[PDB]
*Asks:* 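Submitted below is the structure of interest, expressed as structure tokens.
All values below were derived from every heavy atom in this structure, side-chain atoms included, with hydrogens, water molecules and symmetry-related copies excluded. Proteins get letters first, then strands, A, B, ... in listed order; numbering begins at 1 in each.
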Amino acid sequence: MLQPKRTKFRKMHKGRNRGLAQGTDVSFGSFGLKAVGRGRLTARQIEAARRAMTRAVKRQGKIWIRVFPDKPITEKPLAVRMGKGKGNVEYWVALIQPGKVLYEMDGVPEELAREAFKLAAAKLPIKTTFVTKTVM
Amino acid sequence: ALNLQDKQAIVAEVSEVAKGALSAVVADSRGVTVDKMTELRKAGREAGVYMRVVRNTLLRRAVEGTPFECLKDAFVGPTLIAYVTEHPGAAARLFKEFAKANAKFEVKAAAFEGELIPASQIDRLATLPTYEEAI
Amino acid sequence: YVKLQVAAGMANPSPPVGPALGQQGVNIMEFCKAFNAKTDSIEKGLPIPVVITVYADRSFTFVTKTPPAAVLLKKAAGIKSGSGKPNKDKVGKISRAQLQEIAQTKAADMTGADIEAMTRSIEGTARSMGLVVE
Amino acid sequence: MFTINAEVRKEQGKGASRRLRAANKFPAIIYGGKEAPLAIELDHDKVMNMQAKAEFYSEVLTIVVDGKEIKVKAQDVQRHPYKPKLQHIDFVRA
Amino acid sequence: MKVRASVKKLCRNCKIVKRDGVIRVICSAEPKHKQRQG
RNA sequence: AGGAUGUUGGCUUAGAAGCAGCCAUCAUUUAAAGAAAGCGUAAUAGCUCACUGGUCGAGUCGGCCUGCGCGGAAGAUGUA
């Protein structure tokens with residue numbers, strides 16, 4: 001599970017998730033999984049989708065993970081009233097905007113990359129699409 | 001399937017063989033296993049006869065180049081052509097005993113002389129001796 | 001109608017031949033010594049394939065063929081067993097000449113129009129069994 | 001060889017450019033040389049098919065505007081964030 | 001009969017049919033492949 | 001209608017013959033036919049696919065962008 005090794009602060013504001021994404025094109029590999037929806041990606045979802053793609057291509061070629069869950073999310077335990085300070089950090093998320101490229105793959109045929117990305121997309125809470133590297 | 005460049009090349013080659021040969025025998029060969037074909041191929045190579053199954057459309061194109069344009073009508077149904085390029089006949093001969101013996105397929109029309117040859121009367125070619133008989 | 005690969009001047013055994021065509025209606029001893037009778041001329045220890053041909057009255061005829069490519073290639077490489085992992089583990093050498101010999105025998109049994117073609121098929125086998133042609 | 005038909009834009013801005021893309025077109029610009037830059041409109045799907053070929057970004061294209069051919073090269077492309085669409089193209093005079 | 005929300009062809013012989021507004025999968029080969037969306 | 005030859009490819013195994021598994025996947029005759037896509041056998045056999053010739057005779061194939069619909073959709077007094 002991806003997680004920052006250390007942070008300047010432990011807890012962060014909720015914030016908002018407006019706007020479109022940066023890094024909207026395949027920059028390392030040849031095929032990419034681009035998010036068309038908006039939402040959060042927990043570190044477990046990222047790891048689950050990575051394993052689904054890693055096993056799909058039988059550990060072949062190269063795989064990049066363009067996102068990183070750097071935002072901590074706190075929760076209050078059960079049977080606890082409101083107040084008495086912010087909750088404890090439970091997991092980390094990466095904010096996703098439409099157009100964000102999540103994963104990139106290289107070294108495999110396209111027809112195999114589509115199935116690998118299709119298996120991984122089933123683990124993610126946001127709608128995605130298949131993209132390929134283009135001549136800028 | 002077969003790109004247009006393919007089929008053009010298939011025609012060209014069948015046509016070039018048609019120029020060199022001297023006796024063409026055409027037959028149906030549907031409903032015969034590949035072993036009996038493989039056997040007929042060793043009998044063709046042995047007897048110096050060139051054997052091809054080719055699309056009836058595609059043969060009509062080869063033929064027209066000369067002098068087999070009588071054979072057009074022989075290209076309705078499954079077609080097997082027999083080009084005796086070295087010596088004449090022997091194919092006409094070979095096909096009939098092979099035809100009779102195997103009671104599958106038929107044999108259509110042959111062609112020598114730039115004249116179509118009728119199914120029954122092919123017995124002419126199928127009895128012409130050796131070259132190599134005039135001595 | 002059954003096909004076997006039997007040792008030259010040897011026949012009869014139960015796990016080898018017996019049961020196999022024995023459970024089809026075939027007279028064992030007859031085929032045994034007829035087979036051996038005609039395969040006497042084969043070199044010693046050449047495994048030869050025979051196609052046995054039985055008819056409704058349990059009577060039979062058979063054809064003998066040339067030994068398998070794998071066999072001749074085993075003998076030509078002087079080995080006993082093909083590679084367990086052909087083309088990952090190499091287990092020997094036949095010259096182009098040995099290929100050609102085997103090819104002419106198997107030519108009596110091939111479908112190649114030329115020496116070269118037959119030889120290429122034999123090479124195909126030789127590759128298939130991790131023997132290099134050297 | 002790629003030839004493109006274009007029309008000069010009547011007005012610029014965010015409001016005008018979004019109306020173009022709603023009308024199955026998209027703006028572009030032609031600069032380079034000593035001439036003044038030229039703002040143009042392009043038919044989207046027709047240009048979208050041409051840019052799908054790798055030589056579109058390497059060869060020299062001709063844009064006929066007011067019946068006048070201009071030889072240019074594709075400089076930069078602004079694609080839609082998540083749709084197979086174009087938003088803007090920079091053309092530099094060859 | 002498999003009653004699921006996502007019906008798909010499981011082999012070459014599976015056919016998609018819509019009967020009375022219900023997407024169904026009928027297979028002439030494998031009776032296990034019989035599905036209906038529900 | 002054909003779907004062949006080396007050949008039951010090599011290894012393994014009691015057997016492993018396209019079809020438990022491992023490795024290889026060449027070559028021939030080909031119109032075409034994978035050292036086999038699925039069923040089948042103790043292993044063969046046997047069925048079928050890929051592929052190709054024939055018949056038919058003008059369209060047929062599968063991706064994208066979008067509009068509107070379908071399923072997914074089970075609660076308690078009574079349609080609600």
*Asks:* Is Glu55(D) atom CD crowded by more than 12 heavy atoms from other residues, nucleotides or ligands, each under 6.0 Å away?
*Replies:*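 Result for CD/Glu55(D): enclosed.
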*Asks:* For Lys18(E) and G72(F), give me the distance from atom NZ to atom P, rounded to whole Å.
*Replies:*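 It works out to 12 Å between those atoms.
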*Asks:* Just to be sure I understand the rule, does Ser81(C) reach a base, reach only the sugar-phosphate, or reach nothing, if contact means heavy atoms closer than 4.0 Å?
*Replies:*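 Sugar-phosphate only.
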*Asks:* So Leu4(C), base contact, sugar-phosphate only, or nothing? Heavy-atom distance under 4.0 Å.
*Replies:*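 Base contact - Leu4(C) has a heavy atom under 4.0 Å of at least one base atom.
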*Asks:* Quick one: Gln24(C) CD to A45(F) P, roughly how many Å, whole number?
*Replies:*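 Going from CD in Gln24(C) over to P in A45(F) covers 12 Å.
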*Asks:* So, does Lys85(C) get its side chain near the phosphate of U12(F), meaning an N or O under 4.0 Å from OP1 or OP2?
*Replies:*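 For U12(F), neither OP1 nor OP2 has a side-chain N or O of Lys85(C) closer than 4.0 Å.
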*Asks:* By the rule that syn is within 90° of 0, classify the base conformation of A33(F) as syn or anti.
*Replies:*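 This nucleotide is in syn.
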*Asks:* Tell me if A35(F) is syn or anti. Syn = glycosidic torsion within 90° of 0, anti otherwise.
*Replies:*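 Here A35(F) takes the syn form, which means its glycosidic angle is within 90° of 0.
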*Asks:* Could you tell me whether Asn56(B) contacts a base, only the sugar-phosphate backbone, or nothing, with contacts defined as non-hydrogen atoms closer than 4.0 Å?
*Replies:*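 Contact class for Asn56(B): sugar-phosphate only.
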*Asks:* Rounded to whole Å, how long is the line connecting atom CG of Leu58(B) with atom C1' of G54(F)?
*Replies:*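 Result: 14 Å.
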*Asks:* Rounded to whole Å, how long is the line connecting atom CD of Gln5(C) with atom P of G6(F)?
*Replies:*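 In whole Å, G6(F) P lies 10 Å from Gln5(C) CD.
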*Asks:* Inspect the six-membered rings of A58(F) and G59(F) and say whether their centres lie under 5.5 Å apart and their planes under 30° apart.
*Replies:*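 No, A58(F) and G59(F) do not stack on each other.
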*Asks:* Closer to the 5' end of RNA chain F via nearest nucleotide, is it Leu2(B) or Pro84(D)?
*Replies:*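 Final value for this comparison: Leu2(B).
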*Asks:* Suppose you measure atom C1' in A43(F) against the same atom in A16(F); what distance do you get, rounded to whole Å?
*Replies:*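 These two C1' atoms come out 7 Å apart once rounded.
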*Asks:* Hey, does the side chain of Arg55(B) come within less than 4.0 Å of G53(F)'s phosphate (OP1/OP2), counting only N and O?
*Replies:*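 For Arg55(B), the contact criterion (side-chain N or O under 4.0 Å from OP1 or OP2 of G53(F)) is met.
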*Asks:* For the P atoms, the ones on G69(F) and on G75(F), what distance do you get once it is rounded to whole angstrom?
*Replies:*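 It works out to 23 Å between them.
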*Asks:* Based on the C1'-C2'-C3'-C4' torsion angle, does the furanose ring of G75(F) adopt a north or a south pucker?
*Replies:*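 On the sign test, where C1'-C2'-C3'-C4' is negative, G75(F) is classed south.
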*Asks:* Rounding to a whole Å, what distance do you find between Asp6(B):CG and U52(F):P?
*Replies:*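 Spelled out: CG on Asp6(B) to P on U52(F) is 11 Å.
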*Asks:* Rounding to an integer number of angstrom, what distance separates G3(F) and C47(F) when you compare their P atoms?
*Replies:*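 Those two atoms are separated by 11 Å.
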*Asks:* Pick the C1' atom in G62(F) and in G15(F), then give their distance to the nearest Å.
*Replies:*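 So the two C1' atoms sit 47 Å from each other.
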*Asks:* For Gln35(E) and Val7(E), which heavy atoms make the closest approach, and how far apart are they?
*Replies:*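 That would be OE1-CA, 3.5 Å.
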*Asks:* Nearest to the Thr33(B) side chain among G71(F), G10(F), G2(F), which nucleotide is it?
*Replies:*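 From the listed options, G2(F) comes nearest.
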*Asks:* Would you measure the distance from the P atom in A32(F) across to the matching atom in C51(F) and give it in whole Å?
*Replies:*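 Per the computed distance, 14 Å lies between those P atoms.
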*Asks:* When the nearest nucleotide of RNA chain F is assigned to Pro86(C) and to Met129(C) on a heavy-atom basis, which residue is associated with the more 5' position?
*Replies:*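 It is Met129(C) whose nearest nucleotide is closer to the 5' end.
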*Asks:* For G75(F), give the paired nucleotide (Watson-Crick: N1-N3 plus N6-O4 or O6-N4; G-U: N1-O2 and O6-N3; both under 3.5 Å), or none.
*Replies:*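 For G75(F), the partner nucleotide comes out as none, under the 3.5 Å rule.
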*Asks:* Using the P atom in both, what is the distance from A36(F) to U25(F), to the nearest Å?
*Replies:*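 Going atom to atom, P in each nucleotide, I get 12 Å.
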*Asks:* With a 4.0 Å cut-off on heavy atoms, is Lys36(B) in touch with a base, just the backbone sugar-phosphate, or nothing at all?
*Replies:*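 Answer is nothing: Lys36(B) stays at 4.0 Å or more from every strand.
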*Asks:* Would you say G2(F) pairs with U7(F) if a pair means Watson-Crick or G-U wobble with both distances under 3.5 Å?
*Replies:*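 No; nothing between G2(F) and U7(F) satisfies the definition, which requires both distances under 3.5 Å.
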*Asks:* Here, do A1(F) and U12(F) pair up as Watson-Crick or G-U wobble, each distance under 3.5 Å?
*Replies:*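 Here the two bases do not pair.
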*Asks:* Using the sign of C1'-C2'-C3'-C4', would you call the sugar of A45(F) north or south?
*Replies:*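 Pucker of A45(F): north.
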*Asks:* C23(F) phosphate, OP1 or OP2: any side-chain N/O from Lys90(C) under 4.0 angstrom?
*Replies:*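 Looking at the OP1 and OP2 atoms of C23(F), neither is under 4.0 Å from any side-chain N or O of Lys90(C).
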*Asks:* Could you tell me whether the sugar of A17(F) is north or south, judging only by the sign of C1'-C2'-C3'-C4'?
*Replies:*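 By the sign criterion, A17(F) is south.
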*Asks:* What is the separation between atom OH on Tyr1(C) and atom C1' on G46(F), rounded to the nearest whole Å?
*Replies:*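 Answer to the nearest Å: 16 Å.
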*Asks:* Roughly how far apart, to the nearest Å, are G57(F) and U44(F) at atom P?
*Replies:*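 To the nearest whole Å, 46 Å.
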*Asks:* Sub-3.5 Å donor-acceptor pair from the side chain of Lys108(B) to the main-chain atoms of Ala74(B), do we have one?
*Replies:*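 Looks like yes, one N/O pair under 3.5 Å.
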*Asks:* So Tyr83(B) and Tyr50(B), would you call those rings parallel, tilted or perpendicular, with 30° and 60° as cut-offs?
*Replies:*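 Judged by the thresholds at 30° and 60°, the geometry between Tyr83(B) and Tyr50(B) is tilted.
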*Asks:* Check whether any side-chain nitrogen or oxygen of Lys106(C) sits under 4.0 Å from OP1 or OP2 of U7(F), and answer yes or no.
*Replies:*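 Affirmative; the distance criterion is met.
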*Asks:* Kindly check the sign of the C1'-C2'-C3'-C4' torsion at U7(F) and name the resulting pucker, north or south.
*Replies:*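 The sugar ring of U7(F) falls in the south range (negative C1'-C2'-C3'-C4' torsion).
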*Asks:* Validate the cation-pi geometry between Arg114(A) and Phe130(A): distance from NZ or CZ to the six-membered ring centre under 6.0 Å, angle to the ring axis within 45°.
*Replies:*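 Judged by the rule, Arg114(A) and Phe130(A) form a cation-pi pair.
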*Asks:* Is the base of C23(F) stacked on the base of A24(F), judged by six-membered ring centres under 5.5 Å apart and planes under 30° apart?
*Replies:*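 Judged on centre distance and plane angle, the pair counts as stacked.
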*Asks:* Minimum heavy-atom separation for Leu99(C) and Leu73(C), please, with both atom names.
*Replies:*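 Answer, listing the atom of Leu99(C) first, then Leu73(C): CD2-CD2, 4.5 Å.
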*Asks:* Generate the contact string for nucleotides 26-40 of chain F. Rules: B means base contact, S means sugar-phosphate contact only, - means no protein heavy atom under 4.0 Å.
*Replies:* BBBSSBBB-B-----
*Asks:* For a quick check of understanding: with a heavy-atom distance under 4.0 Å over all strands, which category does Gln23(C) fall into, base, sugar-phosphate or nothing?
*Replies:*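 Contact class for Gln23(C): base.
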*Asks:* Is it true that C39(F) and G46(F) form a pair, Watson-Crick or G-U wobble, with both distances below 3.5 Å?
*Replies:*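 Both donor-acceptor distances below 3.5 Å, so yes.
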*Asks:* Please state whether the rings of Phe2(D) and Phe56(D) are parallel, tilted or perpendicular, taking 30° and 60° as the class boundaries.
*Replies:*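 Answer is perpendicular, since the angle exceeds 60°.
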*Asks:* Any idea how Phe60(C) and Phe62(C) line up, ring-wise: parallel (<30°), tilted (30 to 60°), or perpendicular (>60°)?
*Replies:*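 Because their plane-to-plane angle lies in the 30° to 60° range, the rings of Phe60(C) and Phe62(C) count as tilted.
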*Asks:* Please give the distance between the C1' atoms of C39(F) and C64(F) as a whole number of Å.
*Replies:*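 39 Å, rounded to whole Å.
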*Asks:* Check the distance between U25(F)'s P and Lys88(C)'s NZ and give it to me in whole angstrom.
*Replies:*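 In whole Å, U25(F) P and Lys88(C) NZ are 10 Å from each other.
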*Asks:* Does the pairing criterion hold for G21(F) and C11(F)? That is, Watson-Crick or G-U wobble with both distances under 3.5 Å.
*Replies:*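 A pair, by the stated definition.
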*Asks:* Please look at the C1'-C2'-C3'-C4' dihedral of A16(F) and say whether its sugar is north or south.
*Replies:*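 Of the two classes, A16(F) takes south, because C1'-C2'-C3'-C4' is negative.
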*Asks:* Just to be sure I understand the rule, does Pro78(B) reach a base, reach only the sugar-phosphate, or reach nothing, if contact means heavy atoms closer than 4.0 Å?
*Replies:*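 Sugar-phosphate, no base atom in range.
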*Asks:* May I ask you to say what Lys3(C) touches in the nucleic acid, namely base, sugar-phosphate or nothing, with a heavy-atom cut-off under 4.0 Å?
*Replies:*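 Contact class for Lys3(C): base.
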*Asks:* Are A37(F) and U8(F) a pair by Watson-Crick or G-U wobble criteria, both distances short of 3.5 Å?
*Replies:*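 No.
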*Asks:* Could you tell me the separation between the CE atom of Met136(A) and the CG atom of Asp25(A), rounded to the nearest 0.5 Å?
*Replies:*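 One finds 6.0 Å between CE of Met136(A) and CG of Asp25(A).
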*Asks:* Do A16(F) and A17(F) pass the stacking test of six-membered ring centres within less than 5.5 angstrom and planes tilted under 30 degrees?
*Replies:*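 Base stacking between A16(F) and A17(F): absent.
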*Asks:* Rounding to a whole Å, what distance do you find between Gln104(C):CD and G6(F):P?
*Replies:*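 For the pair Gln104(C) CD and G6(F) P, the rounded distance is 19 Å.
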*Asks:* For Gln8(B) and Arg61(B), run side-chain hydrogen bond (donor to acceptor under 3.5 Å, both in side chains): C-alpha distance rounded to whole Å, both residues' side-chain angles, the deciding distance at 0.1 Å, then the answer.
*Replies:* CA-CA 10 Å; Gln8(B) 279 169 288; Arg61(B) 300 182 170 276; over 6 Å; no
*Asks:* By the 4.0 Å heavy-atom rule, please label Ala1(B) as base, sugar-phosphate, or nothing.
*Replies:*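 Touches sugar-phosphate only.
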*Asks:* Can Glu39(B) and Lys42(B) be counted as an ion pair, charged N to O under 4.0 angstrom?
*Replies:*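 Here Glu39(B) does not pair with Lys42(B) in a salt bridge, since their nearest N and O are not under 4.0 Å apart.
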*Asks:* Which of these, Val26(A), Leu124(A), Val131(A), sits in a side chain to side chain contact (heavy atoms under 4.5 Å, CB included) with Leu33(A)?
*Replies:*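 So, applying the side chain to side chain contact (heavy atoms under 4.5 Å, CB included) to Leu33(A) and each of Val26(A), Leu124(A), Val131(A), only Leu124(A) qualifies.
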